[PDB]
$ cat query-v8.cif   # mmCIF, C-alpha atoms and all ligand atoms
data_query
loop_
_atom_site.label_atom_id
_atom_site.label_comp_id
_atom_site.auth_asym_id
_atom_site.auth_seq_id
_atom_site.Cartn_x
_atom_site.Cartn_y
_atom_site.Cartn_z
CA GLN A 8 -78.07 -179.39 210.41
CA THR A 9 -81.37 -181.27 210.51
CA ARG A 10 -80.75 -180.83 214.24
CA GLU A 11 -80.71 -176.99 213.68
CA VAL A 12 -84.41 -177.21 212.61
CA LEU A 13 -85.49 -179.84 215.14
CA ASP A 14 -83.78 -178.74 218.33
CA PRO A 15 -85.43 -175.32 218.91
CA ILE A 16 -88.89 -176.69 218.08
CA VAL A 17 -88.55 -179.54 220.57
CA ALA A 18 -87.02 -177.21 223.19
CA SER A 19 -90.00 -174.86 222.79
CA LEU A 20 -92.48 -177.74 222.91
CA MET A 21 -90.96 -179.31 226.05
CA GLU A 22 -90.91 -175.92 227.83
CA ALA A 23 -94.49 -174.99 226.87
CA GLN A 24 -95.89 -178.44 227.74
CA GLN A 25 -93.52 -179.20 230.66
CA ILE A 26 -92.49 -182.52 229.17
CA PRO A 27 -89.67 -184.18 231.11
CA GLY A 28 -88.13 -186.11 228.26
CA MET A 29 -88.43 -186.90 224.57
CA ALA A 30 -87.01 -189.23 221.98
CA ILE A 31 -87.37 -188.26 218.32
CA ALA A 32 -86.58 -190.13 215.10
CA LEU A 33 -86.40 -188.47 211.70
CA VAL A 34 -86.46 -190.93 208.81
CA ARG A 35 -85.32 -189.77 205.36
CA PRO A 36 -83.79 -191.25 202.21
CA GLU A 37 -80.11 -191.62 203.19
CA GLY A 38 -80.85 -191.96 206.71
CA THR A 39 -82.34 -191.78 210.16
CA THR A 40 -81.49 -189.18 212.80
CA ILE A 41 -82.16 -190.02 216.44
CA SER A 42 -82.32 -187.25 219.10
CA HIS A 43 -82.88 -187.46 222.84
CA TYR A 44 -83.93 -184.63 225.11
CA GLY A 45 -84.30 -184.23 228.84
CA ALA A 46 -85.05 -186.72 231.52
CA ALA A 47 -86.50 -190.22 231.34
CA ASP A 48 -87.71 -189.85 234.96
CA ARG A 49 -88.26 -186.38 236.35
CA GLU A 50 -87.69 -187.58 239.96
CA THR A 51 -84.20 -189.17 239.32
CA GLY A 52 -83.15 -186.98 236.38
CA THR A 53 -81.79 -190.02 234.52
CA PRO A 54 -81.41 -188.79 230.94
CA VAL A 55 -83.29 -190.03 227.95
CA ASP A 56 -80.84 -192.05 225.79
CA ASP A 57 -80.57 -194.95 223.27
CA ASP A 58 -82.02 -197.41 225.70
CA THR A 59 -84.99 -195.39 227.00
CA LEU A 60 -88.32 -197.13 226.79
CA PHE A 61 -91.51 -195.10 226.35
CA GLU A 62 -95.11 -196.23 226.66
CA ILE A 63 -96.63 -195.69 223.19
CA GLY A 64 -100.24 -196.50 224.10
CA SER A 65 -102.52 -196.75 221.04
CA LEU A 66 -99.58 -196.55 218.70
CA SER A 67 -99.36 -200.29 219.56
CA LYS A 68 -102.35 -200.72 217.28
CA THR A 69 -100.14 -200.18 214.24
CA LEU A 70 -98.20 -203.35 215.15
CA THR A 71 -101.46 -205.21 215.66
CA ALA A 72 -102.54 -204.10 212.17
CA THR A 73 -99.21 -205.14 210.66
CA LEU A 74 -99.45 -208.67 212.07
CA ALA A 75 -103.00 -209.05 210.78
CA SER A 76 -101.88 -207.86 207.37
CA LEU A 77 -99.01 -210.38 207.41
CA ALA A 78 -101.43 -213.23 208.25
CA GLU A 79 -103.47 -212.04 205.25
CA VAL A 80 -100.45 -211.97 202.94
CA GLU A 81 -99.55 -215.47 204.12
CA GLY A 82 -103.05 -216.65 203.13
CA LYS A 83 -103.95 -217.56 206.72
CA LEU A 84 -106.43 -214.74 207.33
CA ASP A 85 -109.19 -213.48 204.99
CA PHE A 86 -109.90 -209.87 206.00
CA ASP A 87 -113.43 -209.82 204.69
CA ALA A 88 -114.40 -213.15 206.28
CA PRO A 89 -116.56 -213.17 209.42
CA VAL A 90 -114.41 -213.17 212.57
CA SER A 91 -116.27 -216.29 213.80
CA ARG A 92 -114.69 -218.24 210.87
CA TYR A 93 -111.32 -217.99 212.86
CA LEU A 94 -112.81 -217.86 216.40
CA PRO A 95 -115.64 -220.39 216.20
CA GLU A 96 -116.34 -219.76 219.89
CA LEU A 97 -118.15 -216.62 218.57
CA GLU A 98 -120.29 -218.47 216.02
CA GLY A 99 -123.89 -217.33 216.24
CA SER A 100 -122.96 -213.92 217.59
CA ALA A 101 -122.63 -210.55 215.87
CA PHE A 102 -119.16 -211.72 214.82
CA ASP A 103 -120.82 -213.83 212.13
CA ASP A 104 -121.43 -210.41 210.47
CA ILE A 105 -118.21 -208.47 211.34
CA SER A 106 -114.85 -209.00 209.60
CA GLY A 107 -111.17 -208.49 210.46
CA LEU A 108 -111.25 -205.51 208.12
CA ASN A 109 -114.08 -203.98 210.15
CA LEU A 110 -112.06 -204.51 213.30
CA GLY A 111 -108.91 -202.94 211.76
CA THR A 112 -110.83 -199.85 210.63
CA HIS A 113 -113.14 -199.39 213.67
CA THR A 114 -116.22 -200.16 211.58
CA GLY A 115 -117.40 -203.17 213.58
CA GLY A 116 -120.96 -202.16 214.31
CA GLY A 117 -120.34 -199.61 217.03
CA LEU A 118 -118.15 -201.93 219.15
CA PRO A 119 -117.35 -199.79 222.23
CA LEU A 120 -114.18 -197.95 223.18
CA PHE A 121 -113.27 -199.52 226.52
CA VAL A 122 -113.15 -203.06 227.85
CA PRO A 123 -116.00 -203.16 230.43
CA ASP A 124 -115.12 -203.69 234.08
CA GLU A 125 -117.00 -206.98 234.27
CA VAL A 126 -114.52 -208.38 231.68
CA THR A 127 -111.43 -209.55 233.58
CA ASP A 128 -109.92 -212.28 231.39
CA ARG A 129 -110.21 -214.05 228.06
CA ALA A 130 -113.20 -216.19 229.06
CA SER A 131 -115.27 -213.27 230.36
CA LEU A 132 -114.27 -211.28 227.26
CA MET A 133 -115.48 -213.96 224.88
CA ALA A 134 -118.72 -214.27 226.84
CA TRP A 135 -119.19 -210.49 226.54
CA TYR A 136 -118.54 -210.56 222.77
CA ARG A 137 -121.10 -213.37 222.41
CA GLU A 138 -123.83 -211.27 224.05
CA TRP A 139 -123.02 -207.84 222.61
CA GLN A 140 -125.54 -206.18 220.30
CA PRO A 141 -124.32 -203.89 217.51
CA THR A 142 -125.47 -200.29 217.81
CA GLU A 143 -124.29 -199.02 214.40
CA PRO A 144 -124.50 -200.30 210.82
CA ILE A 145 -121.53 -202.58 210.27
CA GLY A 146 -119.10 -201.12 207.70
CA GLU A 147 -120.93 -197.74 207.56
CA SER A 148 -119.93 -196.19 210.90
CA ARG A 149 -116.61 -195.68 212.70
CA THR A 150 -116.21 -195.84 216.50
CA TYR A 151 -112.67 -195.96 217.88
CA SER A 152 -112.58 -199.28 219.81
CA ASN A 153 -110.01 -201.10 222.00
CA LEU A 154 -112.38 -204.05 221.98
CA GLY A 155 -112.28 -204.22 218.18
CA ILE A 156 -108.57 -203.91 217.53
CA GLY A 157 -108.09 -206.26 220.47
CA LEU A 158 -110.33 -208.84 218.83
CA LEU A 159 -108.40 -208.42 215.58
CA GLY A 160 -105.22 -209.42 217.47
CA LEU A 161 -107.00 -212.47 218.91
CA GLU A 162 -108.36 -213.37 215.44
CA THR A 163 -104.87 -213.00 213.95
CA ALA A 164 -103.25 -215.14 216.65
CA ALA A 165 -105.86 -217.87 216.02
CA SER A 166 -105.31 -217.75 212.22
CA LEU A 167 -101.55 -218.12 212.86
CA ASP A 168 -102.00 -220.87 215.46
CA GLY A 169 -100.02 -219.02 218.07
CA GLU A 170 -100.15 -216.61 220.96
CA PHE A 171 -100.28 -212.89 220.18
CA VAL A 172 -97.03 -211.59 221.67
CA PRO A 173 -94.65 -214.47 220.75
CA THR A 174 -96.13 -214.42 217.25
CA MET A 175 -95.71 -210.65 217.00
CA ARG A 176 -92.10 -211.03 218.21
CA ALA A 177 -91.19 -213.76 215.72
CA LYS A 178 -93.00 -212.49 212.63
CA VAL A 179 -92.85 -208.69 212.85
CA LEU A 180 -90.56 -207.26 215.54
CA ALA A 181 -87.53 -209.48 215.03
CA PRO A 182 -87.50 -209.19 211.21
CA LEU A 183 -87.71 -205.42 211.55
CA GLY A 184 -84.87 -205.43 214.09
CA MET A 185 -87.15 -204.03 216.81
CA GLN A 186 -85.16 -205.55 219.69
CA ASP A 187 -85.95 -202.77 222.18
CA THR A 188 -89.74 -203.28 221.85
CA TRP A 189 -91.50 -204.92 224.80
CA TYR A 190 -94.97 -205.89 225.89
CA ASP A 191 -93.66 -206.83 229.33
CA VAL A 192 -90.49 -204.95 230.18
CA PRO A 193 -87.86 -207.43 231.40
CA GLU A 194 -86.29 -206.97 234.83
CA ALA A 195 -82.97 -206.18 233.12
CA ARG A 196 -84.54 -203.21 231.25
CA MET A 197 -86.51 -201.67 234.10
CA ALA A 198 -83.72 -199.12 234.69
CA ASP A 199 -84.43 -197.92 231.08
CA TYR A 200 -88.21 -197.69 231.47
CA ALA A 201 -89.16 -194.00 231.49
CA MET A 202 -91.57 -192.78 234.16
CA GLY A 203 -94.68 -191.07 232.86
CA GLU A 204 -96.00 -187.77 234.08
CA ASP A 205 -99.71 -187.11 234.03
CA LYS A 206 -101.49 -183.80 233.42
CA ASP A 207 -101.10 -182.92 237.15
CA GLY A 208 -97.32 -183.47 237.19
CA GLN A 209 -97.58 -186.83 239.02
CA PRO A 210 -95.57 -189.94 238.13
CA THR A 211 -97.61 -192.67 236.47
CA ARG A 212 -97.06 -195.91 234.62
CA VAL A 213 -99.54 -197.99 232.60
CA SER A 214 -101.31 -200.93 234.29
CA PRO A 215 -101.92 -204.31 232.62
CA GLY A 216 -105.42 -205.02 231.44
CA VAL A 217 -107.43 -207.23 229.18
CA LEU A 218 -106.42 -206.78 225.51
CA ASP A 219 -103.50 -204.59 226.69
CA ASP A 220 -100.99 -206.12 224.32
CA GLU A 221 -103.23 -205.78 221.25
CA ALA A 222 -104.39 -202.23 222.01
CA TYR A 223 -101.98 -200.17 224.14
CA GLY A 224 -99.23 -202.14 225.86
CA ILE A 225 -96.00 -201.55 223.95
CA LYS A 226 -92.98 -199.92 225.53
CA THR A 227 -90.32 -199.08 222.99
CA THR A 228 -87.71 -196.68 221.74
CA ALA A 229 -88.06 -193.97 219.06
CA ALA A 230 -85.45 -195.84 217.06
CA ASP A 231 -87.48 -199.06 216.99
CA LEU A 232 -90.59 -197.22 215.82
CA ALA A 233 -88.40 -195.61 213.14
CA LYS A 234 -87.71 -199.13 211.78
CA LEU A 235 -91.41 -199.70 211.24
CA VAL A 236 -91.60 -196.26 209.62
CA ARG A 237 -88.55 -196.93 207.41
CA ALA A 238 -90.19 -200.10 206.18
CA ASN A 239 -93.46 -198.22 205.49
CA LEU A 240 -91.39 -195.71 203.44
CA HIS A 241 -89.64 -198.46 201.39
CA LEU A 242 -86.31 -197.54 202.92
CA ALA A 243 -85.70 -200.86 204.65
CA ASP A 244 -84.46 -204.21 203.41
CA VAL A 245 -87.12 -206.59 204.50
CA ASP A 246 -88.58 -209.91 203.32
CA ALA A 247 -91.09 -209.54 200.43
CA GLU A 248 -94.08 -210.89 202.34
CA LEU A 249 -93.46 -208.61 205.31
CA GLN A 250 -92.98 -205.61 203.00
CA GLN A 251 -96.25 -206.42 201.26
CA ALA A 252 -98.01 -206.79 204.58
CA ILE A 253 -96.70 -203.39 205.72
CA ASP A 254 -97.71 -201.73 202.44
CA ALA A 255 -101.26 -203.14 202.80
CA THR A 256 -101.62 -201.45 206.20
CA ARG A 257 -101.64 -198.11 204.34
CA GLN A 258 -104.42 -199.09 201.89
CA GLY A 259 -107.37 -196.70 202.36
CA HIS A 260 -110.53 -198.60 203.29
CA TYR A 261 -113.03 -195.95 204.43
CA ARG A 262 -113.70 -192.30 203.86
CA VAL A 263 -114.59 -190.69 207.23
CA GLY A 264 -115.27 -187.04 206.47
CA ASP A 265 -111.87 -185.55 205.58
CA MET A 266 -109.94 -188.54 206.98
CA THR A 267 -109.19 -191.82 205.21
CA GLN A 268 -109.11 -194.82 207.48
CA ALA A 269 -106.50 -197.37 206.48
CA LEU A 270 -105.59 -200.37 208.68
CA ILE A 271 -105.32 -198.38 211.89
CA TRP A 272 -103.22 -195.77 210.10
CA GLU A 273 -105.19 -192.59 209.41
CA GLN A 274 -104.45 -190.47 206.36
CA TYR A 275 -105.17 -187.21 204.58
CA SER A 276 -104.60 -185.98 201.03
CA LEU A 277 -101.95 -183.28 200.61
CA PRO A 278 -102.09 -180.38 201.07
CA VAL A 279 -103.61 -180.82 204.52
CA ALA A 280 -104.39 -178.02 206.94
CA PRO A 281 -103.36 -178.54 210.57
CA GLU A 282 -106.98 -177.83 211.61
CA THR A 283 -108.02 -180.97 209.69
CA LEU A 284 -105.37 -182.95 211.53
CA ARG A 285 -106.52 -181.48 214.85
CA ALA A 286 -110.13 -182.46 214.05
CA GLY A 287 -108.88 -186.03 213.58
CA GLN A 288 -107.63 -186.17 217.18
CA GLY A 289 -110.49 -184.62 219.08
CA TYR A 290 -113.78 -185.55 220.73
CA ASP A 291 -115.83 -185.52 217.52
CA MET A 292 -113.66 -188.13 215.74
CA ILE A 293 -112.48 -190.19 218.72
CA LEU A 294 -115.55 -190.25 221.00
CA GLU A 295 -118.53 -190.17 218.63
CA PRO A 296 -119.64 -192.52 215.88
CA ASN A 297 -118.70 -191.07 212.46
CA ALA A 298 -120.23 -192.04 209.11
CA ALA A 299 -117.80 -194.20 207.09
CA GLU A 300 -117.97 -194.94 203.35
CA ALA A 301 -116.18 -198.05 202.08
CA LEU A 302 -113.66 -197.29 199.39
CA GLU A 303 -114.96 -199.73 196.79
CA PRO A 304 -112.73 -198.88 194.00
CA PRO A 305 -110.38 -200.13 196.77
CA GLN A 306 -107.40 -197.82 196.78
CA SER A 307 -103.68 -198.64 196.53
CA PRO A 308 -101.26 -197.11 199.05
CA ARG A 309 -100.92 -193.43 198.04
CA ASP A 310 -97.81 -191.29 197.53
CA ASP A 311 -99.43 -187.87 198.05
CA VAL A 312 -100.69 -188.17 201.63
CA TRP A 313 -100.06 -187.29 205.27
CA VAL A 314 -100.26 -190.59 207.18
CA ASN A 315 -100.38 -190.43 210.98
CA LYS A 316 -101.19 -192.02 214.30
CA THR A 317 -101.27 -190.69 217.88
CA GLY A 318 -100.79 -192.82 220.97
CA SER A 319 -101.13 -192.00 224.66
CA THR A 320 -101.32 -193.43 228.11
CA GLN A 321 -101.97 -191.39 231.29
CA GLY A 322 -98.31 -190.44 231.48
CA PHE A 323 -97.11 -190.60 227.87
CA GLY A 324 -97.75 -189.04 224.46
CA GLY A 325 -96.48 -190.30 221.10
CA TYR A 326 -97.06 -189.34 217.47
CA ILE A 327 -95.98 -190.75 214.11
CA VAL A 328 -96.23 -188.94 210.76
CA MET A 329 -95.27 -190.36 207.39
CA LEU A 330 -95.05 -188.61 204.03
CA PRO A 331 -94.63 -191.50 201.55
CA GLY A 332 -94.19 -189.09 198.56
CA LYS A 333 -91.21 -187.50 200.31
CA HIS A 334 -89.92 -190.77 201.75
CA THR A 335 -89.89 -188.98 205.13
CA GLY A 336 -91.24 -189.86 208.53
CA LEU A 337 -91.21 -188.54 212.04
CA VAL A 338 -91.49 -190.33 215.41
CA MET A 339 -92.00 -188.22 218.55
CA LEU A 340 -92.19 -189.93 221.97
CA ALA A 341 -92.68 -188.06 225.25
CA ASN A 342 -93.15 -189.06 228.91
CA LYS A 343 -96.01 -186.64 229.31
CA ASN A 344 -99.52 -186.97 227.90
CA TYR A 345 -99.55 -183.54 226.27
CA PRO A 346 -102.27 -182.19 223.93
CA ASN A 347 -102.72 -183.83 220.53
CA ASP A 348 -102.99 -180.34 219.02
CA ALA A 349 -99.42 -179.60 220.20
CA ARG A 350 -98.22 -182.89 218.68
CA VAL A 351 -99.69 -181.82 215.36
CA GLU A 352 -98.22 -178.32 215.57
CA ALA A 353 -94.70 -179.53 216.47
CA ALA A 354 -94.72 -182.25 213.75
CA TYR A 355 -95.99 -179.79 211.17
CA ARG A 356 -93.36 -177.13 212.08
CA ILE A 357 -90.54 -179.73 211.95
CA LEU A 358 -91.67 -181.13 208.60
CA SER A 359 -92.25 -177.62 207.13
CA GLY A 360 -88.87 -176.45 208.45
CA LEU A 361 -87.28 -179.45 206.71
CA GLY A 362 -89.06 -178.51 203.43
CA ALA A 363 -91.04 -181.75 203.29
CA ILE A 364 -94.33 -179.86 203.12
CA CA B 1 -112.19 -212.57 200.94
CA CA B 2 -112.75 -200.33 233.62
CA CA B 3 -102.07 -209.41 227.88
CA CA B 4 -116.08 -205.24 195.21
CA CA B 5 -99.28 -172.31 218.00
CL CL B 6 -109.66 -200.77 227.43
#
$ encode --input "query-v8.cif" --output "structure tokens"
Amino acid sequence: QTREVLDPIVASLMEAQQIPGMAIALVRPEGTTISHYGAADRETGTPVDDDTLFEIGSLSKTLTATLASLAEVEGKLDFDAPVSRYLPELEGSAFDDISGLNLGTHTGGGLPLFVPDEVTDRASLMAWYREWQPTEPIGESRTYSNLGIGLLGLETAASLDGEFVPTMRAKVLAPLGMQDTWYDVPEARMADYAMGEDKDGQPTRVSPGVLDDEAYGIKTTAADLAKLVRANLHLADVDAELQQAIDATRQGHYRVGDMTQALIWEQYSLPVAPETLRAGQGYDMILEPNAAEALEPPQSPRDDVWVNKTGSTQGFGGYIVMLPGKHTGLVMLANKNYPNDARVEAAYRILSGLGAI
């Protein structure tokens, strides 16, 4: 059916990219279709199924954004306020001049991509933030930053008077029914935890690290990510405040060339060419500063857009696409870090084959 469109495209993709296993969710009005392909671990051959956990890498950032947005809806976090208003340990630093919004849109003054090696824990991280000098004009330049979205998670946790993961669990994951979503995979689920395969065909699994939970640490199922997508598409029955928080994550905040930066979510007006999508996931967007123009007639969530986010670790590659105007979404998780361009092509062919574009 829907499977007749999906199955050949994923077979072709997994063959071409030598991906051991995939889990895919297709979200539409009148329902969600879950499909599993291949092996969760190439070296045991254990199949991908309902319980298989995939590393989603930077897709974790969408959950971080959602929690921040919920704190904002609850009146506990002001997105345009200086981050030092909620983390007074950073008073007198650059974070007097950088907001939660800047952090959620990668416009925090050129804040760098990676946590530096001299930062090993929360104390050394805060010391590093206190000393750091902005290298770009705050709110006028975008640099993709684990440090920034990480700090947004810490700011959110402070504003909610709780710790990041328990707070995430209580306020976002549990209400969405995301009960297969883990920051630290329990012993009892280790048999479900897919093994990654890197670009050389070697097994690999993500290591813990500072700001891991906020930036890249989730292991989850396609089905759980589909719940977050369903809610984004107004197809879920969720509490009003959570729904509002989720809707606000899709508000466009900056124009960045052809891309609109929402709260972590990245979006494009329809029709969108795949080449534009590809440009969004390459060196020039991800590894250079890009000029960013605040959207000052501040836009409402749009119904005529391609909304997306990639996520990877060394051994995994995930992609989410949402088409709010079609009430359709796609979640693709793989245990190989395969090229972003191939993620775009496969998503586009699936969605075109389904008539959604
Ligand atoms: Ca304000
Ligand atoms: Ca390092
Ligand atoms: Ca952690
Ligand atoms: Ca204004
Ligand atoms: Ca092609
Ligand atoms: Cl990092």
$ residues_near_ligand --input "query-v8.cif" --ligand "ligand CL 6 (chain B)" --cutoff "10 Å" --atoms "all atoms listed in the file" --output "PyMOL selection string"
chain A and resi 119-124+126+152-154+157+215-219+222-223
$ write_last_selection --input "query-v8.cif" --atoms "C-alpha atoms" --output "short mmCIF file (atom, residue, chain, number, x, y, z; two decimals), in the frame of the given file"
data_model
loop_
_atom_site.label_atom_id
_atom_site.label_comp_id
_atom_site.auth_asym_id
_atom_site.auth_seq_id
_atom_site.Cartn_x
_atom_site.Cartn_y
_atom_site.Cartn_z
CA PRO A 119 -117.35 -199.79 222.23
CA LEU A 120 -114.18 -197.95 223.18
CA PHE A 121 -113.27 -199.52 226.52
CA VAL A 122 -113.15 -203.06 227.85
CA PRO A 123 -116.00 -203.16 230.43
CA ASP A 124 -115.12 -203.69 234.08
CA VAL A 126 -114.52 -208.38 231.68
CA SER A 152 -112.58 -199.28 219.81
CA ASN A 153 -110.01 -201.10 222.00
CA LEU A 154 -112.38 -204.05 221.98
CA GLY A 157 -108.09 -206.26 220.47
CA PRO A 215 -101.92 -204.31 232.62
CA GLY A 216 -105.42 -205.02 231.44
CA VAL A 217 -107.43 -207.23 229.18
CA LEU A 218 -106.42 -206.78 225.51
CA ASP A 219 -103.50 -204.59 226.69
CA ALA A 222 -104.39 -202.23 222.01
CA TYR A 223 -101.98 -200.17 224.14
#
$ closest_atom_pairs --input "query-v8.cif" --of "stretch 51-99 of chain A" --to "stretch 336-352 of chain A" --cutoff "12 Å" --atoms "all atoms listed in the file" --output "JSON lines"
{"residue": "A:54", "atom": "CA", "partner": "A:342", "partner_atom": "CA", "distance": 11.9}
{"residue": "A:55", "atom": "CA", "partner": "A:342", "partner_atom": "CA", "distance": 10.0}
{"residue": "A:59", "atom": "CA", "partner": "A:340", "partner_atom": "CA", "distance": 10.3}
{"residue": "A:60", "atom": "CA", "partner": "A:340", "partner_atom": "CA", "distance": 9.5}
{"residue": "A:61", "atom": "CA", "partner": "A:342", "partner_atom": "CA", "distance": 6.8}
{"residue": "A:62", "atom": "CA", "partner": "A:342", "partner_atom": "CA", "distance": 7.8}
{"residue": "A:63", "atom": "CA", "partner": "A:340", "partner_atom": "CA", "distance": 7.4}
{"residue": "A:64", "atom": "CA", "partner": "A:344", "partner_atom": "CA", "distance": 10.3}
{"residue": "A:66", "atom": "CA", "partner": "A:340", "partner_atom": "CA", "distance": 10.4}
$ residues_near_ligand --input "query-v8.cif" --ligand "ligand CA 4 (chain B)" --cutoff "8 Å" --atoms "all atoms listed in the file" --output "PyMOL selection string"
chain A and resi 303-305
$ closest_residue --input "query-v8.cif" --among "A:180, A:41, A:30, A:165" --to "residue A:9" --atoms "only C-alpha atoms"
A:41
$ closest_residue --input "query-v8.cif" --among "A:173, A:56, A:32, A:114" --to "ligand CA 3 (chain B)" --atoms "only C-alpha atoms and all ligand atoms"
A:173
$ atom_distance --input "query-v8.cif" --atom1 "atom CA of residue A:33" --atom2 "atom CA of residue A:53"
23.3 Å
$ atom_distance --input "query-v8.cif" --atom1 "atom CA of residue A:100" --atom2 "atom CA of residue A:137"
5.2 Å
$ residues_around --input "query-v8.cif" --residues "stretch 243-255 of chain A" --least-positions-apart "2" --cutoff "10 Å" --atoms "only C-alpha atoms" --output "PDB file with C-alpha atoms, in the coordinates of the input"
ATOM      1  CA  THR A  69    -100.140-200.180 214.240  1.00  0.00           C
ATOM      2  CA  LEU A  70     -98.200-203.350 215.150  1.00  0.00           C
ATOM      3  CA  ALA A  72    -102.540-204.100 212.170  1.00  0.00           C
ATOM      4  CA  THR A  73     -99.210-205.140 210.660  1.00  0.00           C
ATOM      5  CA  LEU A  74     -99.450-208.670 212.070  1.00  0.00           C
ATOM      6  CA  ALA A  75    -103.000-209.050 210.780  1.00  0.00           C
ATOM      7  CA  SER A  76    -101.880-207.860 207.370  1.00  0.00           C
ATOM      8  CA  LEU A  77     -99.010-210.380 207.410  1.00  0.00           C
ATOM      9  CA  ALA A  78    -101.430-213.230 208.250  1.00  0.00           C
ATOM     10  CA  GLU A  79    -103.470-212.040 205.250  1.00  0.00           C
ATOM     11  CA  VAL A  80    -100.450-211.970 202.940  1.00  0.00           C
ATOM     12  CA  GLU A  81     -99.550-215.470 204.120  1.00  0.00           C
ATOM     13  CA  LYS A 178     -93.000-212.490 212.630  1.00  0.00           C
ATOM     14  CA  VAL A 179     -92.850-208.690 212.850  1.00  0.00           C
ATOM     15  CA  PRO A 182     -87.500-209.190 211.210  1.00  0.00           C
ATOM     16  CA  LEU A 183     -87.710-205.420 211.550  1.00  0.00           C
ATOM     17  CA  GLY A 184     -84.870-205.430 214.090  1.00  0.00           C
ATOM     18  CA  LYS A 234     -87.710-199.130 211.780  1.00  0.00           C
ATOM     19  CA  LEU A 235     -91.410-199.700 211.240  1.00  0.00           C
ATOM     20  CA  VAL A 236     -91.600-196.260 209.620  1.00  0.00           C
ATOM     21  CA  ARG A 237     -88.550-196.930 207.410  1.00  0.00           C
ATOM     22  CA  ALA A 238     -90.190-200.100 206.180  1.00  0.00           C
ATOM     23  CA  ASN A 239     -93.460-198.220 205.490  1.00  0.00           C
ATOM     24  CA  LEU A 240     -91.390-195.710 203.440  1.00  0.00           C
ATOM     25  CA  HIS A 241     -89.640-198.460 201.390  1.00  0.00           C
ATOM     26  CA  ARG A 257    -101.640-198.110 204.340  1.00  0.00           C
ATOM     27  CA  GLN A 258    -104.420-199.090 201.890  1.00  0.00           C
ATOM     28  CA  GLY A 259    -107.370-196.700 202.360  1.00  0.00           C
ATOM     29  CA  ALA A 269    -106.500-197.370 206.480  1.00  0.00           C
ATOM     30  CA  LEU A 270    -105.590-200.370 208.680  1.00  0.00           C
ATOM     31  CA  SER A 307    -103.680-198.640 196.530  1.00  0.00           C
ATOM     32  CA  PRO A 308    -101.260-197.110 199.050  1.00  0.00           C
ATOM     33  CA  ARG A 309    -100.920-193.430 198.040  1.00  0.00           C
TER      34      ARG A 309
END
$ atom_distance --input "query-v8.cif" --atom1 "atom CA of residue A:158" --atom2 "atom CA of residue A:93"
11.0 Å
$ closest_residue --input "query-v8.cif" --among "A:353, A:202, A:363, A:145" --to "ligand CA 5 (chain B)" --atoms "only C-alpha atoms and all ligand atoms"
A:353
$ residues_around --input "query-v8.cif" --residues "stretch 187-189 of chain A" --least-positions-apart "5" --cutoff "10 Å" --atoms "all atoms listed in the file" --output "list in words"
residues 57, 58, 59, 60, 61, 62, 172, 176, 180, 181, 196, 220, 224, 225, 226, 227, 228, 229, 230, 231 and 232 of chain A
$ residues_around --input "query-v8.cif" --residues "residue A:330" --least-positions-apart "3" --cutoff "10 Å" --atoms "all atoms listed in the file" --output "ChimeraX atom specification"
/A:35,239-240,274,277,309-315,333-337,358,363-364
$ closest_residue --input "query-v8.cif" --among "A:31, A:177, A:26, A:354" --to "ligand CA 5 (chain B)" --atoms "only C-alpha atoms and all ligand atoms"
A:354
$ closest_residue --input "query-v8.cif" --among "A:97, A:12, A:47, A:90" --to "ligand CA 1 (chain B)" --atoms "only C-alpha atoms and all ligand atoms"
A:90
$ closest_residue --input "query-v8.cif" --among "A:85, A:125, A:11, A:22" --to "ligand CA 2 (chain B)" --atoms "all atoms listed in the file"
A:125
$ axis_aligned_box --input "query-v8.cif" --around "stretch 348-353 of chain A" --padding-each-side "8 Å" --output "JSON"
{"center_x": -98.8, "center_y": -180.6, "center_z": 217.8, "size_x": 24.3, "size_y": 20.6, "size_z": 20.8}
